[PDB]
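J.: Structure: structure_3.txt, compact mmCIF, C-alpha atoms.
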```txt
# COMPACT_ATOMS: atom_id res chain seq x y z
CA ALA A 1 -20.72 8.25 2.68
CA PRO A 2 -21.50 4.74 2.89
CA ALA A 3 -22.35 3.54 -0.72
CA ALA A 4 -19.79 5.43 -2.92
CA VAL A 5 -17.63 8.60 -2.62
CA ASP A 6 -15.39 9.89 -5.44
CA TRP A 7 -13.51 13.02 -4.43
CA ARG A 8 -12.49 13.71 -8.08
CA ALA A 9 -16.22 14.43 -8.70
CA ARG A 10 -16.14 16.93 -5.80
CA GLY A 11 -13.43 19.16 -7.32
CA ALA A 12 -10.94 18.04 -4.68
CA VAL A 13 -8.16 16.31 -6.66
CA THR A 14 -5.46 17.81 -8.95
CA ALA A 15 -4.33 16.35 -12.30
CA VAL A 16 -2.19 13.21 -12.52
CA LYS A 17 1.53 13.98 -12.43
CA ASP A 18 4.73 12.15 -13.41
CA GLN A 19 7.50 11.12 -10.99
CA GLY A 20 9.78 10.22 -13.94
CA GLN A 21 12.89 8.22 -13.15
CA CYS A 22 13.11 9.47 -9.57
CA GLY A 23 12.03 7.07 -6.73
CA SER A 24 9.87 9.90 -5.36
CA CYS A 25 6.44 8.17 -5.09
CA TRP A 26 6.42 8.86 -1.29
CA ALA A 27 6.55 12.60 -2.02
CA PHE A 28 3.76 12.43 -4.66
CA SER A 29 1.53 10.51 -2.17
CA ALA A 30 2.23 12.98 0.66
CA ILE A 31 1.75 16.13 -1.47
CA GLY A 32 -1.38 14.77 -3.24
CA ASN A 33 -2.90 14.23 0.20
CA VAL A 34 -1.96 17.79 1.28
CA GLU A 35 -3.47 19.27 -1.95
CA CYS A 36 -6.81 17.56 -1.25
CA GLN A 37 -6.87 18.35 2.52
CA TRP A 38 -6.03 22.02 1.82
CA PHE A 39 -9.02 22.24 -0.59
CA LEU A 40 -11.34 20.52 1.93
CA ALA A 41 -10.31 23.00 4.60
CA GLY A 42 -11.97 25.79 2.54
CA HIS A 43 -9.14 26.97 0.24
CA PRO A 44 -8.93 26.87 -3.61
CA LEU A 45 -7.35 23.69 -4.95
CA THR A 46 -3.71 24.55 -5.53
CA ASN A 47 -0.95 22.43 -7.08
CA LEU A 48 1.83 22.00 -4.46
CA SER A 49 5.51 20.99 -4.70
CA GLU A 50 6.85 17.42 -4.52
CA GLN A 51 10.31 18.83 -5.38
CA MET A 52 10.33 20.60 -1.96
CA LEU A 53 10.25 17.17 -0.26
CA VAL A 54 12.59 15.30 -2.69
CA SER A 55 15.24 18.05 -2.36
CA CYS A 56 14.85 19.43 1.19
CA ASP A 57 13.52 16.65 3.41
CA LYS A 58 16.59 15.13 4.85
CA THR A 59 14.70 12.60 7.02
CA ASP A 60 13.80 10.83 3.78
CA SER A 61 16.10 9.80 0.90
CA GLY A 62 15.12 11.78 -2.23
CA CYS A 63 15.14 9.64 -5.34
CA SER A 64 16.09 6.56 -3.27
CA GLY A 65 12.76 6.45 -1.38
CA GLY A 66 11.00 7.77 1.66
CA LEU A 67 7.92 7.50 3.88
CA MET A 68 4.81 9.74 3.80
CA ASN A 69 4.72 9.93 7.64
CA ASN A 70 8.33 11.27 7.78
CA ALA A 71 7.48 13.74 4.99
CA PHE A 72 4.49 15.12 6.99
CA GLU A 73 6.58 15.51 10.12
CA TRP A 74 9.47 17.18 8.24
CA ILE A 75 7.01 19.86 6.93
CA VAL A 76 5.82 20.59 10.49
CA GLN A 77 9.06 20.27 12.46
CA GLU A 78 11.60 21.59 9.99
CA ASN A 79 9.75 23.79 7.45
CA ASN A 80 7.44 25.73 9.78
CA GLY A 81 4.44 23.89 8.41
CA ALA A 82 4.95 25.35 4.88
CA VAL A 83 4.24 23.55 1.60
CA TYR A 84 5.29 25.52 -1.49
CA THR A 85 3.29 25.86 -4.70
CA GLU A 86 4.35 23.59 -7.58
CA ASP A 87 4.61 26.70 -9.74
CA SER A 88 7.20 28.27 -7.46
CA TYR A 89 9.20 25.04 -6.92
CA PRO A 90 8.64 22.95 -10.12
CA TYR A 91 9.55 19.27 -10.45
CA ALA A 92 13.17 18.97 -11.33
CA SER A 93 13.93 15.29 -10.60
CA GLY A 94 12.57 13.54 -13.74
CA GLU A 95 16.05 12.32 -14.78
CA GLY A 96 16.53 10.49 -11.47
CA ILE A 97 18.56 13.04 -9.45
CA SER A 98 17.47 15.54 -6.82
CA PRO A 99 19.08 19.01 -7.17
CA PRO A 100 20.21 20.79 -3.90
CA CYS A 101 17.49 22.26 -1.74
CA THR A 102 16.82 25.99 -2.17
CA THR A 103 15.28 27.62 0.85
CA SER A 104 14.06 30.85 -0.75
CA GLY A 105 12.52 32.02 -4.01
CA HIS A 106 9.31 30.00 -3.42
CA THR A 107 5.72 30.84 -2.36
CA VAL A 108 3.74 29.08 0.40
CA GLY A 109 0.66 27.45 -1.05
CA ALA A 110 -0.55 25.46 1.99
CA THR A 111 0.27 24.85 5.65
CA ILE A 112 -0.31 21.72 7.77
CA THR A 113 -0.19 21.25 11.57
CA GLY A 114 0.38 17.49 11.91
CA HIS A 115 -0.76 14.12 10.57
CA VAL A 116 -2.90 11.16 11.74
CA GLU A 117 -2.21 7.49 11.10
CA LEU A 118 -5.39 5.59 10.27
CA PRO A 119 -6.45 2.09 11.56
CA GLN A 120 -5.30 -0.93 9.54
CA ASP A 121 -8.89 -1.73 8.60
CA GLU A 122 -10.48 -1.01 5.20
CA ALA A 123 -13.98 -0.34 6.58
CA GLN A 124 -12.54 2.19 9.04
CA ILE A 125 -10.38 3.83 6.36
CA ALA A 126 -13.47 4.11 4.15
CA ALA A 127 -15.47 5.70 6.99
CA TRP A 128 -12.79 8.39 7.56
CA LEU A 129 -12.25 9.04 3.81
CA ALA A 130 -15.97 9.50 3.23
CA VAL A 131 -16.05 12.50 5.57
CA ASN A 132 -12.50 13.83 5.73
CA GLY A 133 -11.20 13.24 2.19
CA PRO A 134 -8.33 11.46 0.38
CA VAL A 135 -5.83 9.31 2.29
CA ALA A 136 -2.16 8.58 1.56
CA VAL A 137 -1.54 4.78 1.45
CA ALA A 138 1.37 2.42 0.81
CA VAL A 139 0.80 -0.63 -1.45
CA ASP A 140 2.67 -3.47 -3.06
CA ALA A 141 2.88 -2.28 -6.66
CA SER A 142 4.53 -5.47 -8.10
CA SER A 143 1.47 -6.26 -10.26
CA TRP A 144 0.85 -2.71 -11.42
CA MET A 145 3.09 -2.45 -14.47
CA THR A 146 0.68 -4.81 -16.31
CA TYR A 147 -2.50 -2.98 -15.20
CA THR A 148 -4.46 -2.01 -18.31
CA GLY A 149 -7.83 -0.99 -16.76
CA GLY A 150 -10.93 -2.33 -15.04
CA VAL A 151 -11.26 -3.44 -11.40
CA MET A 152 -8.24 -5.59 -10.51
CA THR A 153 -9.73 -8.50 -8.59
CA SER A 154 -6.49 -10.19 -7.38
CA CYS A 155 -3.22 -8.37 -6.54
CA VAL A 156 0.32 -9.56 -5.40
CA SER A 157 0.40 -8.58 -1.73
CA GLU A 158 3.82 -9.33 -0.27
CA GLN A 159 5.91 -6.20 0.27
CA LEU A 160 4.95 -2.51 0.51
CA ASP A 161 7.03 -0.62 -2.08
CA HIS A 162 4.85 2.20 -3.43
CA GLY A 163 2.98 5.23 -2.07
CA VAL A 164 -0.25 6.48 -3.69
CA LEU A 165 -3.46 8.40 -2.89
CA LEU A 166 -6.90 6.86 -2.19
CA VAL A 167 -9.46 9.25 -3.67
CA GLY A 168 -12.72 7.20 -3.34
CA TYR A 169 -14.50 3.84 -3.19
CA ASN A 170 -17.69 2.32 -4.54
CA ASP A 171 -19.43 -0.36 -2.50
CA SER A 172 -22.43 -0.48 -4.87
CA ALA A 173 -20.37 -1.93 -7.76
CA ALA A 174 -20.46 -5.68 -8.65
CA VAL A 175 -17.17 -6.06 -6.79
CA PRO A 176 -16.64 -3.12 -4.31
CA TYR A 177 -13.49 -1.17 -5.22
CA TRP A 178 -11.08 1.54 -4.19
CA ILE A 179 -10.11 4.34 -6.66
CA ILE A 180 -6.37 5.28 -6.48
CA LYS A 181 -4.36 8.16 -8.02
CA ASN A 182 -0.93 7.10 -9.21
CA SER A 183 2.07 9.17 -10.40
CA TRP A 184 3.04 7.42 -13.63
CA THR A 185 1.33 9.90 -16.10
CA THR A 186 -2.14 9.68 -17.71
CA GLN A 187 -0.83 7.05 -20.20
CA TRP A 188 -0.84 4.33 -17.50
CA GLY A 189 -4.03 2.60 -16.27
CA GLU A 190 -7.36 4.41 -16.44
CA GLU A 191 -6.06 7.95 -17.28
CA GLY A 192 -3.46 7.58 -14.49
CA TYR A 193 -5.87 5.90 -12.02
CA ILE A 194 -6.34 2.30 -10.84
CA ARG A 195 -9.28 0.50 -9.21
CA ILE A 196 -8.60 -2.53 -6.99
CA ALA A 197 -11.15 -4.70 -5.13
CA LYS A 198 -12.01 -3.45 -1.62
CA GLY A 199 -12.44 -5.55 1.55
CA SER A 200 -9.64 -8.17 1.17
CA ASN A 201 -6.52 -6.03 1.67
CA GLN A 202 -5.62 -6.13 -2.00
CA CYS A 203 -2.02 -4.99 -2.55
CA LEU A 204 -1.75 -4.45 1.27
CA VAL A 205 -3.76 -1.21 0.96
CA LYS A 206 -4.88 -1.07 4.63
CA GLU A 207 -1.40 -1.37 6.18
CA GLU A 208 0.09 2.18 6.17
CA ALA A 209 -2.67 4.76 5.75
CA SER A 210 -2.30 8.37 6.91
CA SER A 211 -3.29 11.98 6.30
CA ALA A 212 -2.04 15.50 6.89
CA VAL A 213 -4.07 17.69 9.23
CA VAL A 214 -4.53 21.33 8.27
CA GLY A 215 -5.98 23.88 10.71
```
Is it possible to give me this structure as structure tokens?

T.:
Amino acid sequence: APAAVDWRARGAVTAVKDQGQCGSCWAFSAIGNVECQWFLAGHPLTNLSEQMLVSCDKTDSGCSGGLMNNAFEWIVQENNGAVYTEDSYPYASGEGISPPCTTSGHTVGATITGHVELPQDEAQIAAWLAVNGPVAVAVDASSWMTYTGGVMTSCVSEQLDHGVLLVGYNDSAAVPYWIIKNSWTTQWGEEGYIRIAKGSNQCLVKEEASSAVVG
């Protein structure tokens, strides 16, 4: 809160997952944000279900893409605020297809009441994150298949195409950076994470930032 915040070092972030061949990054961003906000609201960190969104959220398009803001509003407006545990609705879309939605046989792991859309300003996003926790963001991920580690100091920043989770920042480093959880397994990047320079809208990170509200 200023200087540096890393919510992974606060017990607030679950393990890196794998979206597989499904274009479900929107769902991993939205659920990763809910997992962290649920913990920060005073509940034990629980793994929650991306499959629930890929299969049941009909305001988004399953393995053909979606938006974290639509995903948050589908949970509130159509699923009575419920987010199921990952254990009770496991990921089933690794091959690139979303099975039909099942409405029963699952357990509620978290509930949310709404969502807030954050200012398109990195200093303001950092100020909110420092106090309220991890933020879902959309980025241009064109450069990211060649990311091998370290702080990426220049990033292609043309078109938003990927949704991820901002878990921290460090303004004390040589080049200030953001720390981001991705969904392409631990074999990619720094054990599934990436750091990009902060303060110059690298990869269009300030453009579409939002968070679920629980309470």

J.: For stretch 100-187 of chain A against stretch 2-21 of chain A, with a cut-off of 9 Å and counting only C-alpha atoms, what is the closest atom pair and its distance in Å to one decimal for every residue that makes the cut, ordered by chain and number, as CSV?

T.:
```
residue,atom,partner,partner_atom,distance
A:126,CA,A:2,CA,8.2
A:127,CA,A:2,CA,7.4
A:129,CA,A:5,CA,8.4
A:130,CA,A:5,CA,6.1
A:133,CA,A:7,CA,7.0
A:134,CA,A:7,CA,7.2
A:167,CA,A:7,CA,5.6
A:168,CA,A:6,CA,4.3
A:169,CA,A:4,CA,5.5
A:170,CA,A:4,CA,4.1
A:171,CA,A:3,CA,5.2
A:172,CA,A:3,CA,5.8
A:173,CA,A:4,CA,8.8
A:179,CA,A:6,CA,7.8
A:181,CA,A:16,CA,7.1
A:182,CA,A:16,CA,7.1
A:183,CA,A:18,CA,5.0
A:184,CA,A:18,CA,5.0
A:185,CA,A:18,CA,4.9
A:186,CA,A:16,CA,6.3
```

J.: Quick one: distance from atom CA of residue A:102 to atom CA of residue A:210 in Å, one decimal?

T.: 27.5 Å

J.: Which one is closest to residue A:41: A:110, A:204, A:152, A:63? Count only C-alpha atoms.

T.: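 When distances to residue A:41 are compared using only C-alpha atoms, the smallest one comes from A:110.
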
J.: Counting all atoms listed in the file, note down every residue that has an atom within 10 Å of the point (-8.6, -1.0, -11.5) (file coordinates), as a tab-separated table (two decimals) with C-alpha atoms, in the coordinates of the input.

T.:
```
chain	number	residue	atom	x	y	z
A	144	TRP	CA	0.85	-2.71	-11.42
A	147	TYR	CA	-2.50	-2.98	-15.20
A	148	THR	CA	-4.46	-2.01	-18.31
A	149	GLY	CA	-7.83	-0.99	-16.76
A	150	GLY	CA	-10.93	-2.33	-15.04
A	151	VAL	CA	-11.26	-3.44	-11.40
A	152	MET	CA	-8.24	-5.59	-10.51
A	153	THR	CA	-9.73	-8.50	-8.59
A	177	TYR	CA	-13.49	-1.17	-5.22
A	178	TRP	CA	-11.08	1.54	-4.19
A	179	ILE	CA	-10.11	4.34	-6.66
A	180	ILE	CA	-6.37	5.28	-6.48
A	189	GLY	CA	-4.03	2.60	-16.27
A	190	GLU	CA	-7.36	4.41	-16.44
A	193	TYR	CA	-5.87	5.90	-12.02
A	194	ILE	CA	-6.34	2.30	-10.84
A	195	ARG	CA	-9.28	0.50	-9.21
A	196	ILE	CA	-8.60	-2.53	-6.99
A	197	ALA	CA	-11.15	-4.70	-5.13
```

J.: So how many Å separate atom CA of residue A:157 and atom CA of residue A:202, to one decimal?

T.: 6.5 Å

J.: Just the residues within 6 Å of residue A:81, please, counting all atoms listed in the file, with nothing from its chain fewer than 3 positions along; format it as an MDAnalysis selection string.

T.: chainID A and resid 75:76 111:112

J.: From the list A:56, A:36, A:22, A:92, which residue is nearest residue A:211 when using only C-alpha atoms?

T.: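 Answer, going by the shortest atom-to-atom distance: A:36.
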
J.: Between A:60, A:87, A:161, A:191, which residue has the minimum interatomic distance to residue A:109, considering only C-alpha atoms?

T.: A:87

J.: Any idea what's packed within 9 Å of residue A:55, counting all atoms listed in the file, ignoring anything in its chain fewer than 6 positions away? Could you give it as a list in words?

T.: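 With the cut-off at 9 Å, the set is residues 61, 62, 63, 93, 98, 99, 100, 101 and 102 of chain A.
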
J.: Find, counting only C-alpha atoms, the residue in A:37, A:26, A:188, A:73 that gets nearest to residue A:54.

T.: A:26

J.: Quick check, in Å to one decimal: how far apart do atom CA of residue A:208 and atom CA of residue A:33 lie?

T.: 13.8 Å

J.: From the options A:1, A:59, A:206, A:84, which residue's atoms come nearest to residue A:128, counting only C-alpha atoms?

T.: A:1

J.: Give me, as a count of residues only, all polymer residues having an atom no more than 7 Å from residue A:47, counting only C-alpha atoms and skipping those fewer than 4 positions away in the same chain.

T.: 4

J.: Using all atoms listed in the file, find the one residue out of A:52, A:203, A:24, A:40 that sits nearest to residue A:90.

T.: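 Nearest to residue A:90: A:52.
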
J.: Any chance you could work out the axis-aligned box around stretch 174-190 of chain A, listed atoms only, 3 Å on each side, giving centre and edge lengths in Å to one decimal, as AutoDock Vina command-line options?

T.:
```
--center_x -8.7 --center_y 1.9 --center_z -12.2 --size_x 29.5 --size_y 22.0 --size_z 22.0
```

J.: Using all atoms listed in the file, which residues sit within 12 Å of residue A:113 once same-chain residues fewer than 6 positions away are excluded, as a compact mmCIF listing (two decimals) with C-alpha atoms, keeping the file's coordinate frame?

T.:
```txt
# COMPACT_ATOMS: atom_id res chain seq x y z
CA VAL A 34 -1.96 17.79 1.28
CA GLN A 37 -6.87 18.35 2.52
CA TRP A 38 -6.03 22.02 1.82
CA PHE A 72 4.49 15.12 6.99
CA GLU A 73 6.58 15.51 10.12
CA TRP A 74 9.47 17.18 8.24
CA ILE A 75 7.01 19.86 6.93
CA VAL A 76 5.82 20.59 10.49
CA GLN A 77 9.06 20.27 12.46
CA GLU A 78 11.60 21.59 9.99
CA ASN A 79 9.75 23.79 7.45
CA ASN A 80 7.44 25.73 9.78
CA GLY A 81 4.44 23.89 8.41
CA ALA A 82 4.95 25.35 4.88
CA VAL A 83 4.24 23.55 1.60
CA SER A 211 -3.29 11.98 6.30
CA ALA A 212 -2.04 15.50 6.89
CA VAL A 213 -4.07 17.69 9.23
CA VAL A 214 -4.53 21.33 8.27
CA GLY A 215 -5.98 23.88 10.71
```
